[PDB]
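What follows is a pair of forms of the same protein chain, given separately as structure tokens and numbered structure 1 and structure 2.
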Structure 1
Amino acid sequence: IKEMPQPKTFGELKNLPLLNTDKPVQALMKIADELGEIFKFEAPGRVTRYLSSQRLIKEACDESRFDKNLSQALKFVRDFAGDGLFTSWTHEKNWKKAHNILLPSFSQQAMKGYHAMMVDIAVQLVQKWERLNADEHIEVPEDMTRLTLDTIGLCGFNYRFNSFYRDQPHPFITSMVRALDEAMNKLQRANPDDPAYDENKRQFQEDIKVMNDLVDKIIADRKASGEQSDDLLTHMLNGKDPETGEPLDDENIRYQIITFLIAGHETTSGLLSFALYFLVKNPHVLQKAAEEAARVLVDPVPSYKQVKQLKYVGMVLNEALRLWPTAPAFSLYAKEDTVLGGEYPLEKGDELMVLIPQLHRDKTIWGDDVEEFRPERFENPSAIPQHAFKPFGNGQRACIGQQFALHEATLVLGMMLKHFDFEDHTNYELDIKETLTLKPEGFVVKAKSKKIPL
């Protein structure tokens, strides 16, 4: 039985001021490097234990001993995401109901149905970049957000955000991003009631109204038209939980649409932005990926089967998720009194945080070269030990969108690498913006067309 280390304290505020930074996850990664596989993090009224080793995280991922916790971050996100899939407790009736109704919409098989709509948005991205003039550059995260938001809008709800027809952000996306940012900002407030935050709270309620108004209109419009689109909204309006036999109520459907739009856009746009970052910084890897895209994507429009043949592109995406998993932590609570790793006694209800980027740098799993971008680590996926690679979380509370995201990102990155050569014309210095999700900020490139027609 060992005492776990704890980072520097600030008297009565304990560790809370360590979160007073626009990059809290990167701060916690540096703390993990200094303190090791486990450390105590205390704020007034809460304790959590940050885990960084596969040795301890494999135990935390035992669903008989630990269940998903709503971290302080998710409790704040629940103010707009309600009891949607992401911000519901496993024991809430609406978690299992929504999970059972929506799971078949998100299988590898279901991806065949979404494919044509993913291509629609991917072709818009390629056409945008083909139409740039000499000496113009690409704003990578901005264009990846346009792509991932439009893809989930169209595939999920048959709704066109038409993000590529706008050079200033969609009003809905302004509110979504600011709502997420307010959730992260609430984490570091020593005094949440300080009048300095009154404007932030008024803006938060305005942003919630913007999101609700659009979503509730989409639900009402679909109900009024009677249209069957075989999209997520169709499945949610018509679907019945096999267990309870109940449908979702209109309120829960609204929270699911908000949840899908936010998670769908934020995480996947981060992945594509990090993937392109690593490719232009590792030109040997860019060349391997570009050769595969050129050899496999022989048709103007990729087919579903051709996307499944982009093996190296898939390894590139997994290696980007290893280094910068875009939803970089998940929280667990102990179901009963238990001992973690034969050394750390826990009481029923005790919180754990899995620090995914640190897990993914565990030298006992990956070897000494853990900072290197080497997609070949994933060439034999079976070689990866249990619970060593967790970019989609764990068990029944794992990402429902995993197949969706990886199909979209593989298709899009394949088309990008088929159609363009890329130049890191600014020698971009990685700047990772945190809004609970991670994405490169200020990342620009030049694309030179290979002049291959669509």
Structure 2
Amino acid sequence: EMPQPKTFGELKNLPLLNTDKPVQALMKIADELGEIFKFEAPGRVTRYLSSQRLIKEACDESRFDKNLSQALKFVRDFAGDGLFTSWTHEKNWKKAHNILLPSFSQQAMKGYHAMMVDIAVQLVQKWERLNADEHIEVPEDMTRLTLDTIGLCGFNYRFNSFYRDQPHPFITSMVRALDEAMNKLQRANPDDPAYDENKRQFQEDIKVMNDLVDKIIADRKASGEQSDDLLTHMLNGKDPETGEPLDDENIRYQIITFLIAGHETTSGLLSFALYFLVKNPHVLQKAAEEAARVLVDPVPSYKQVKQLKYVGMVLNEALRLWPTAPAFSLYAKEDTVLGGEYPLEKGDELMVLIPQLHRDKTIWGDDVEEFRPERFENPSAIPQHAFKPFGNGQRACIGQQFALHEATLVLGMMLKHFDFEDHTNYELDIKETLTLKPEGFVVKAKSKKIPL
């Protein structure tokens, strides 16, 4: 009854993941097979969902809970029972959720604004200081900005990424760890000795990330300054339910979790948004007119960023086409029938293929490939479970407002301060590291010569 892509004998569908672009491969399979398909590997099965019709059922928290995909099981080798890679039923999930949600309160967000501006001004100064006909490496600079922003706002720690021509060592190790997790998805026999070098390199990259976590904890312990940031809540906050704080082992996992989850996908978002703006110059002009009208002061105020409505619509439309954490996994809490057609047993898994949900013509209309921010004129018009770049329910993204405030601030400043040229007529090439990001995307930025 359920469609299934092509098989490879006893390897079933597993060789379909032998690609550097597995999510894009699964999107093409969804276009061929429709709203649901079965995906089998030796010893495993999951079902990929692409329609709002089925995903609205998958998002019913009475029926389905967050599952760890194979990807997240591999990421858990370094992120442990941090928020992203914990099961809902592990005591540390609800404890850390309750302890860290206050770090994303409206008061906390206003508190982060000045440090977001510190890093955004470093980006604008970098681009102001370029010589004639020099270009910008877009995803590279967006990763400099977003890593520095979570480091400073979250941990009062300066990665100083704009002082480096090479990616930050933490980034080199994170990307190689994410790429190893993604490459491991196709491995039939991961304990074959052919993967011993992969395992060694993975452990080395995990140690690089943990050495930096050690430095952040040591810097806070040695600090004479009074901080009130995400790390303050990790070290001091008590869960109202249990009355307990986090232990040291869980805090280390939360720091690695927030450094990764708290920047990589925001770098992707900013990169895709600038891509779509240079490919749609009338949209760029509309966004630049709003930035010039609203951002009347040398640096943006908190309230001014909240008033960048069209910049927000541009970011939402970029998340519609290329949600940068492009899937999430669920399991059936109990036996249930999906869509009146597909009986599931307790424990059966689903994968939500977010880029395909976001191309559901029954929700968005036939023009789903067009970049049209005006779809989000009134975001309330979008049905439940139709636009899900931040996941679902109590396991939804804790950082959504942080990410959108940062991205809106930075894109607003970029559009205020520069005109942009797609000088190479760049062909979109989406690199996969579990997360999605344009690769090789370069532009030229001509200063409007507006002082900071």
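Residue numbering: structure 1 sequence, from 1. Definition used throughout: the rigid core is the maximal C-alpha set that superposes within 1.5 Å between two forms.
Can you tell me which of these residues, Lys223, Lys348, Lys305, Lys363, is the one whose C-alpha shifts by at least 2 angstroms between structure 1 and structure 2 after a rigid core fit? None of the others reach 2 Å, which leaves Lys223.
For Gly245, decide whether the Cα shift between structure 1 and structure 2 is 2 Å or greater, given a superposition on the rigid core. No, its C-alpha moves less than 2 Å.
Shift of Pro195 between structure 1 and structure 2 at or above 2 Å (CA, core fit): Yes: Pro195 shifts by at least 2 Å between structure 1 and structure 2.
For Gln127, is the C-alpha shift between structure 1 and structure 2 2 Å or more after core superposition? Where the cores coincide, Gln127 shows only a C-alpha shift between structure 1 and structure 2 that is less than 2 Å.
Fit the two forms on their core, then tell me the C-alpha shift of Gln287 between structure 1 and structure 2 in angstrom. The shift comes out to 0.3 Å.
Any chance you could measure the C-alpha shift of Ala110 between structure 1 and structure 2 with the core superposed, in Å? Value for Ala110 between structure 1 and structure 2: 2.1 Å of C-alpha shift.
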